Amino acid sequence: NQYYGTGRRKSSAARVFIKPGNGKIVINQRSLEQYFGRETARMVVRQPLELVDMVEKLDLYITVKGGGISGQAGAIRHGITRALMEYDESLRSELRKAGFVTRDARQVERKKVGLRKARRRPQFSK
Amino acid sequence: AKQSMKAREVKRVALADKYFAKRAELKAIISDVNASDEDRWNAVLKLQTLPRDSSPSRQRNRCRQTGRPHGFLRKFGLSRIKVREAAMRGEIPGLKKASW
Amino acid sequence: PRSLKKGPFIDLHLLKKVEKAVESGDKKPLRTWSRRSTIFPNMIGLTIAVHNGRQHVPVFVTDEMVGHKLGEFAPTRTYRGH
Amino acid sequence: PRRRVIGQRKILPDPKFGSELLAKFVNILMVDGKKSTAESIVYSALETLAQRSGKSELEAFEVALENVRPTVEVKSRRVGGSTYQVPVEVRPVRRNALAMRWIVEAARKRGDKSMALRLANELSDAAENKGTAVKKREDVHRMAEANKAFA
Amino acid sequence: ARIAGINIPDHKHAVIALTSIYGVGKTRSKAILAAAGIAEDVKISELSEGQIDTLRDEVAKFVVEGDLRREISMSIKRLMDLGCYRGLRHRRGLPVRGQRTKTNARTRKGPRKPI
Amino acid sequence: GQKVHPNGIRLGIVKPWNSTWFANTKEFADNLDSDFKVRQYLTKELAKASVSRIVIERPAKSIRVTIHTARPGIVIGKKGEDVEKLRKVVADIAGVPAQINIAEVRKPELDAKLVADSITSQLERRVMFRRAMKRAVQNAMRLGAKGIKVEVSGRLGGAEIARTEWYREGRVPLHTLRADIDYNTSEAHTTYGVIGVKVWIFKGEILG
Amino acid sequence: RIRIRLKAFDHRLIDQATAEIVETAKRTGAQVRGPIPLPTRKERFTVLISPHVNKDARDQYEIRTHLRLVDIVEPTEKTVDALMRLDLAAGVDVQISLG
RNA sequence: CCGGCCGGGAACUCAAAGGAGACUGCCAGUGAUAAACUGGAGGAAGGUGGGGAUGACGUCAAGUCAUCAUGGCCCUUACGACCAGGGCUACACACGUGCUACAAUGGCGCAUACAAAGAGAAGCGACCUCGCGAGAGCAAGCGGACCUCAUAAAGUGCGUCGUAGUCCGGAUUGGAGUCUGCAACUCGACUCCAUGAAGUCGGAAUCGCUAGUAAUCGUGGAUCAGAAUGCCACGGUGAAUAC
RNA sequence: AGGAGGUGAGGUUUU
Ligand SMILES: [Mg+2]
Ligand SMILES: [Mg+2]
Ligand SMILES: [Mg+2]
Ligand SMILES: [Mg+2]
Ligand SMILES: [Mg+2]
Ligand SMILES: [Mg+2]
Ligand SMILES: [Mg+2]
Ligand SMILES: [Mg+2]
Ligand SMILES: [Mg+2]
Ligand SMILES: [Mg+2]
Ligand SMILES: [Mg+2]
Ligand SMILES: [Mg+2]
Ligand SMILES: [Mg+2]
Ligand SMILES: [Mg+2]
Ligand SMILES: [Mg+2]
Ligand SMILES: [Mg+2]
Ligand SMILES: [Mg+2]
Ligand SMILES: [Mg+2]
Ligand SMILES: [Mg+2]
Ligand SMILES: [Mg+2]
């Protein structure tokens with residue numbers, strides 16, 4: 001029995017497949033350490049597993065595409081949370097308490113006319 | 001714009017379409033690596049004797065209604081003012097203002 | 001600048017007028033409007049008045065002016081300070 | 001600002017020590033979004049400070065923060081056409097923010113060759129009750145005590 | 001540590017040190033080092049004299065301070081004597097490659113000078 | 001000049017397009033030029049006949065013109081004496097075979113283009129602008145419209161200073177997109193100058 | 001083995017056209033892969049709205065070229081004749097190829 | 001054959017079409033039994049969920065007679081028409097808007113990951129050969145979820161420079177060159193070899209910003225034979241503060 | 001809701 005989850009971010013998408021195992025991690029035919037150099041990303045991805053003690057019991061395979069390092073980490077975390085909810089459904093009340101069930105919605109605001117950036121209005125002088 | 005400007009533009013288009021092949025042959029001769037050093041010189045000699053209006057680089061893109069040189073758009077073939085005027089009335093299919 | 005393989009640029013209306021004068025010996029000041037043409041060694045020794053925009057500025061071509069553009073030796077806009 | 005009450009936003013803790021003051025400090029020190037470089041510099045400075053003072057990195061940072069922390073600040077009241085700078089007590093969150101900002105400014109003004117070394121030296125001086133950060137704190141306290149006559 | 005009549009600092013690496021000459025840059029320094037079989041992590045010091053001799057021999061293949069400036073001055077004087085537009089701009093102290101003189105011409109105009 | 005075109009803003013939702021042909025970048029400019037030429041020819045020829053709209057389609061490299069007008073009898077002729085000539089000239093201009101269709105505009109007082117043209121004709125015939133506007137508003141409100149607005153601007157009554165007058169009857173919601181708004185303009189060229197007329201008509205909101 | 005690409009400006013008109021084509025294929029044959037939506041071309045233009053000095057005031061228009069693909073695996077002679085036989089309304093262009 | 005590549009699948013991202021949903025719908029409290037306000041239950045989003053288009057009678061006799069149309073005045077062997085050259089890019093100056101920077105949160109060298117959105121037929125231009133390099137030659141593919149533009153950069157690891165007008169800064173200048181264009185002198189863009197100015201955080205004063213915002217890093221497109229640090233959009237990292 | 005005590009650029013022109 002293989003459980004499934006999907007997560008998204010600003011411009012990324014991550015599919016996560018969970019199986020009962022010994023906690024090994026595979027991401028895009030690679031490893032978490034080789035993929036995410038910064039450990040803040042490792043902390044983000046392992047945060048649900050640190051919150052609920054299921055680290056050494058779930059082997060997961062993850063495919064991710066789009067966005068940056070933080071976006072991919074967030075999408076992976078969301079997919080892992082969805083997979084855990086499908087697995088047990090009793091952890092939703094605790095994950096929502098920490099904010100893992102709720103889905104990121106902040107997006108890059110579009111550029112407008114007359115402004116050098118999204119909100120950076122040009123300099124003013126009489 | 002001006003009737004004189006439009007006449008100049010149409011005359012230049014006609015000359016370019018008439019002399020396109022002859023100028024292309026001379027350009028190929030000039031760009032050919034294996035060519036006679038005197039034939040390549042005579043090529044430019046003959047090329048510079050042709051009228052200047054017969055070159056695609058001398059014709060400006062104007063509006064087919066007025067002839068405004070600035071603000072021209074190639075897909076619509078009109079100026080920015082005329083494109084907006086046509087779009088607001090519906091003469092251009094699928095050209096609706098949208099937001100994202 | 002100009003591509004080396006294409007070669008120097010010169011108008012026939014000046015090339016013919018200078019190649020005739022080479023053998024004619026008519027060293028009277030020639031007049032021309034083509035300031036975009038290069039200077040060939042056969043021109044050396046002649047006086048050419050080139051159109052700067054208002055009138056014709058005379059120039060006596062020397063040996064050191066071969067690869068230089070002809071228009072470089074004719075001022076276009078008058079300036080004398082403020 | 002004028003009408004609404006601003007709810008705080010969630011701040012992600014740092015992985016090296018699991019704290020939030022360190023995350024706020026690296027956010028303050030970060031410029032142009034170079035959070036990775038800021039975290040590396042802060043980690044190196046904390047390790048140097050710990051190996052110097054014998055304490056842990058978190059304890060050393062906490063004692064330095066406590067030493068830099070002020071208690072009062074001078075602010076303008078403007079009853080009428082008067083520039084009365086009236087002192088008032090400062091919330092602990094703003095105290096921590098001001099202390100971190102002063103530490104960052106002192107480290108930037110330091111003349112060493114590395115920002116990590118500057119920050120470590122400034123933290124050591126703050127823990128030992130010396131440096132431009134504690135001088136700024138003393139100046140603020142002296143101004144408040146001079147304006148103590150204003151409630 | 002003396003090459004081409006000038007002195008060269010010893011604490012710097014060879015590539016940086018060779019750039020101190022008028023006419024030698026990073027490319028012409030790396031080429032000389034590769035031709036002479038000298039690495040780039042070494043300084044002017046900690047080296048023998050045959051290496052410096054062959055470095056001077058390889059540098060002699062180029063144009064350096066003694067002849068570099070003479071050629072530049074001769075070209076500038078030739079332009080000025082001929083009277084070309086570029087020579088006239090050099091005479092007047094103005095950009096010669098084609099720029100704007102209405103504003104932002106301080107490099108050739110010199111320091112700011114009011115009326 | 002701070003208002004947007006209602007017909008241009010309601011193209012996506014309610015209002016249809018006046019040209020429903022498809023092409024690419026290589027053909028768009030030529031098709032637009034040909035459409036402009038044929039529209040200019042038709043609006044210059046059928047001036048007497050009340051013509052409302054001209055739709056153009058280009059399927060199977062042939063041109064299909066559909067004229068919505070209020071005077072089909074005089075538009076067409078006796079037995080095809082004028083429609084055949086119009087088809088021939090349109091085909092000659094476009095370089096492709098042409099098919100012309102005629103549609104009758106019932107209740108001509110409820111069409112913005114026809115009312116604007118009538119007002120322009122009256123203005124160039126020296127009829128009072130206020131009288132013309134009131135007559136048009138009353139007629140359009142009594143034939144079954146939920147709202148009308150008429151505006152006239154520039155050199156009214158032969159005065160030396162221009163002005164902008166307008167009348168409203170009912171409701172004309174311009175900020176509502178689902179509302180069926182019919183809007184058009186017209187220009188009158190009198191000896192005193194140029195006068196502009198704008199007409200807005202409301203025909204009820206649309207659901208779908 | 002026969003592929004037809006339909007481009008249009010109206011997602012309803014193109015849907016009607018592809019539905020008619022699918023009905024014709026199901027009548028004169030079978031084994032239709034079904035209509036597959038292809039990426040829509042969003043071509044955007046930005047123009048000025050004033051004939052004089054006004055830069056911050058602009059209008060942004062867009063064109064949404066919708067695209068559909070239909071694949072047929074049993075192209076009988078009558079099916080091909082009917083496909084060439086039938087014509088569609090304006091605003092939709094159909095390209096037919098074997099592959 | 002280690003590349004979804006090849007049989008194969010309708011599960012997934014995703015491509016688009018049609019729908020559900022977020023509407024103060026509930027709970028508790030306050031409130032004039034009301035409108036209405038505070039919290040939380042669920043929920044992806046809670047109070048306009050975020051952003052954009054949409055800009056009310058009207059002022060500024062505001063701007064455009066040079067987009068265009070047009071009342072009136074003006075010349076009709078010239079205020080009209082054609083061509084060559086030059087100019088619109090001048091220069092003792094003063095002003096605004098922006099780019100590069102003044103340096104170690106850095107420069108330089110090697111190695112190595114993660115994107116989005118768009119253009120392409122007088123076009124985009126693989127692979128290969130040559131040139132250190134802009135680029136030159138043969139020549140596929142693509143009217144385009146296929147092919148090209150097109151390697152994303154900042155980022156990370158390993159080293160060097162060790163606070164100096166510096167291995168920062170590239171201005172200006174000389175020479176040798178490439179591309180487009182009949183024709184790069186006055187005036188195009190880019191490459192190489194050198195030259196390496198002023199500048200070390202900036203006075204009175206002033207500008208933008210309350211969240212994926214500011215700041216910073218790249219990418220694409222319109223214009224265009226060629227010519228943006230401008231303009232319009234895209235994403236990557238990513239804040240502090242609001243008594 | 002009643003009574004009592006204070007309380008504002010210190011100045012800064014013309015069009
Ligand atoms: Mg601007
Ligand atoms: Mg302004
Ligand atoms: Mg005209
Ligand atoms: Mg051009
Ligand atoms: Mg220039
Ligand atoms: Mg508007
Ligand atoms: Mg509204
Ligand atoms: Mg709530
Ligand atoms: Mg005025
Ligand atoms: Mg004028
Ligand atoms: Mg100008
Ligand atoms: Mg380094
Ligand atoms: Mg090579
Ligand atoms: Mg790096
Ligand atoms: Mg440098
Ligand atoms: Mg160099
Ligand atoms: Mg705001
Ligand atoms: Mg270009
Ligand atoms: Mg951005
Ligand atoms: Mg007075």
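Here Cβ is always computed from backbone atoms with ideal geometry, including for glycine, and neighbour counts include all displayed protein chains. Laboratory data are not the source of any read-out in this text; all were calculated from the coordinates shown.
Identification of strands (runs of 3 or more DSSP E) wholly contained in chain G with 2 or more residues that are surrounded by fewer than 13 Cβ atoms within 10 Å (Cβ to Cβ) yields G:36-48, G:92-98. Hey, any hits in segment D:70-90 for a residue that's farther than 30 Å from residue D:146 by Cβ and touching a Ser or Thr at 6+ places or on another chain (Cβ under 8 Å)? Within segment D:70-90, none of the residues are farther than 30 Å from residue D:146 by Cβ and touching a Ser or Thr at 6+ places or on another chain (Cβ under 8 Å). Listed by position, the helices (runs of 4 or more DSSP H) enclosed by segment D:10-128 that each have at least 2 residues that are without any contact (Cβ under 8 Å) to a residue 40 or more places away in the chain and within 8 Å of RNA strand H (Cβ to nearest atom) are D:21-29, D:35-53, D:92-109. Residue count for segment A:25-49, restricted to those that are of a type outside the set (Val, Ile, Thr), surrounded by 13 or more Cβ atoms within 10 Å (Cβ to Cβ) and out of contact with any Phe, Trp or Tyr (no Cβ under 9 Å at 6 or more places or on another chain): 8. Only one of the listed residues (E:22, E:85) is hydroxyl-bearing (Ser, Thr, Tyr), within 6 Å of RNA strand H (Cβ to nearest atom) and in contact (Cβ under 8 Å) with a residue 24 or more places away in the chain. That residue is E:22.
What do you reckon, is residue B:43 crowded, with 18+ Cβ neighbours inside 10 Å, within 14 Å of chain F (Cβ to nearest Cβ) and in a helix (DSSP H, G or I)? No. Scanning segment B:56-67 turns up one or more residues that are surrounded by 14 or more Cβ atoms within 10 Å (Cβ to Cβ), within 30 Å of residue C:15 (Cα to Cα) and away from ligand 19 (no atom under 16 Å from the Cβ). Residue check: residue E:17 meets all listed conditions (1) more than 14 Å from every other protein chain (Cβ to nearest Cβ); (2) without any contact (Cβ under 8 Å) to a residue 24 or more places away in the chain but one, namely (2).
Looking at segment F:11-35 only, could you name the residues that are more than 19 Å from residue F:205 (Cα to Cα), at the interface with another protein chain (Cβ under 7 Å from one of its Cβ atoms) and free of Cβ contacts under 8 Å to residues at least 24 places away in the same chain? F:25, F:28, F:29, F:32, F:33, F:35 - these are the residues of segment F:11-35 that are more than 19 Å from residue F:205 (Cα to Cα), at the interface with another protein chain (Cβ under 7 Å from one of its Cβ atoms) and free of Cβ contacts under 8 Å to residues at least 24 places away in the same chain. Would you confirm, using the coordinates I've provided, whether residue B:90 is surrounded by 18 or more Cβ atoms within 10 Å (Cβ to Cβ) and in contact with a strand residue (DSSP E or B) (Cβ under 9 Å, 6 or more places away or on another chain)? In short, yes.
The rows are residues; the columns are (1) crowded, with 16+ Cβ neighbours inside 10 Å; (2) in contact with a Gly (Cβ under 8 Å, 6 or more places away or on another chain); (3) in contact (Cβ under 8 Å) with a residue 40 or more places away in the chain; (4) more than 10 Å from every other protein chain (Cβ to nearest Cβ).
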position: F:9; (1), (2), (3), (4): yes, no, yes, no
position: F:37; (1), (2), (3), (4): no, no, yes, no
position: F:42; (1), (2), (3), (4): yes, no, yes, yes
position: F:49; (1), (2), (3), (4): yes, no, no, yes
position: F:53; (1), (2), (3), (4): yes, no, yes, no
position: F:61; (1), (2), (3), (4): no, no, no, yes
position: F:64; (1), (2), (3), (4): yes, no, no, no
position: F:74; (1), (2), (3), (4): no, no, no, yes
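Kindly establish whether residue C:10 is more than 14 Å from chain E (Cβ to nearest Cβ), crowded, with 16+ Cβ neighbours inside 10 Å, part of a loop (DSSP other than H, G, I, E, B) and of a type outside the set (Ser, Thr, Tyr). Answer is yes for this residue.
Can you pull out every residue in segment D:135-151 that is of a type outside the set (D, E, K, R) and either surrounded by 19 or more Cβ atoms within 10 Å (Cβ to Cβ) or not in a helix (DSSP H, G or I) (or both)? Hits for segment D:135-151 are D:140, D:144, D:150, D:151.
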